[PDB]
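Only one chain is included here, represented as structure tokens and corresponding to the form deposited in one PDB entry.
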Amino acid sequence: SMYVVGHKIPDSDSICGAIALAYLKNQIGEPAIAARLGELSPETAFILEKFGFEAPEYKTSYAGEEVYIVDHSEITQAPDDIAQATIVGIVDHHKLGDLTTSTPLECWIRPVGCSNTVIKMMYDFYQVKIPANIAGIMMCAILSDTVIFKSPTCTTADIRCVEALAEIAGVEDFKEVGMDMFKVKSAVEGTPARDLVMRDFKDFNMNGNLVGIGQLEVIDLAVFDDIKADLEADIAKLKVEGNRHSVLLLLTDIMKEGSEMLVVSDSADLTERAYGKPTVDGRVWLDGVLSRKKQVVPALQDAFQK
């Protein structure tokens, strides 16, 4: 079987998309196994419990295997031994990263709100029925990635996909399922700083500079008031531990629709140069910023390339 696997530090799109695409591949006679590179977030556990799924197989070494990548195209987010695997496919909605192959492959990459929107397009292409349970987790993944349609990554395709999947899944009030997921994400009391920094964290190679970016999407920024200094101390430790150029942590309020970014960087003017918004003692408020892939990464990557 091929293994279908999303990014390191998987989120709901990576987990649910691996399950949904493995099902589709098996239905079309292409043996597949869904896998994961890490533990589930509370949000993803909530989604899988709601629709009756077990977590996919936890698997970290893929040398000699065929792999269908979900929800990224980056060396830093792939299995460590992906160069000794064969990538047979990528389904994604990110920038084109530094993965490569030696062989022809499939890529279903679209600049939409969720990888699961593209996986639904694959089900449509093959004319395979989406079971109710699979539809539910796909629906949840799109509601999560699009921030209940608030994110600027959201497209008409994502909305139409949620509407179609919600009908299949038997969900009438899908926006309340969306809000439920963000209430789960907001339940951060008593969680160690490092577990919050790493909950939704990605490394990026930006012109040979290693940049770590975490994100914590919540309903109310004030949940971070007491732990903010602990988060700041922790990102400085994480910077050193991984010999990173920069570590950024987005504290994202989905109701204000903006983010406070905590910054530790070898570049004193990083956010001034990237966004035209200077940090002050390592913090900057980024009005309107919800999306890492659309509103955070591009300007940073371009600033490192220049």
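For clarity, a rigid core is taken as the largest C-alpha set superposing within 1.5 Å between two forms. Sequential numbering from 1, following the sequence displayed.
- As recorded in the PDB entry, 223 to 231 is the stretch of 223 to 231 and 200 to 208 with the greater mean C-alpha temperature factor.
- For the pair 262 to 270 and 248 to 256, the record assigns the higher mean C-alpha temperature factor to 262 to 270.
- Comparing the listed residues 80, 92, 217, 106, the entry records the largest Cα B-factor for 80.
- Sort the modelled residues of the chain by CA B factor and residue 189 lands in the highest third.
- The PDB entry assigns residue 284 a C-alpha temperature factor belonging to the highest third of its chain's modelled residues.
- Placement of the Cα temperature factor of residue 275 within the chain: highest third of the modelled residues, per the deposited record.
- Split the chain's modelled residues into thirds by C-alpha temperature factor. Residue 172 is in the highest one.
- For residue 240, the recorded CA B-factor ranks within the highest third of the chain. Only modelled residues enter the ranking.
Another form exists, deposited in another entry; not displayed. Remarks below refer to it.
- When the two forms are overlaid on the rigid core, CA displacement between this form and the one not shown of 2 Å or more is confined, within 212, 79, 136, 178, to 212.
- Relative to the superposed core, residue 41 undergoes a C-alpha shift smaller than 2 Å between this form and the one not shown.
- Annotation: Cα of residue 247 displaced by at least 2 Å between this form and the one not shown, core superposition.
- Put the two forms on the same core and the Cα of residue 199 is off by less than 2 Å between this form and the one not shown.
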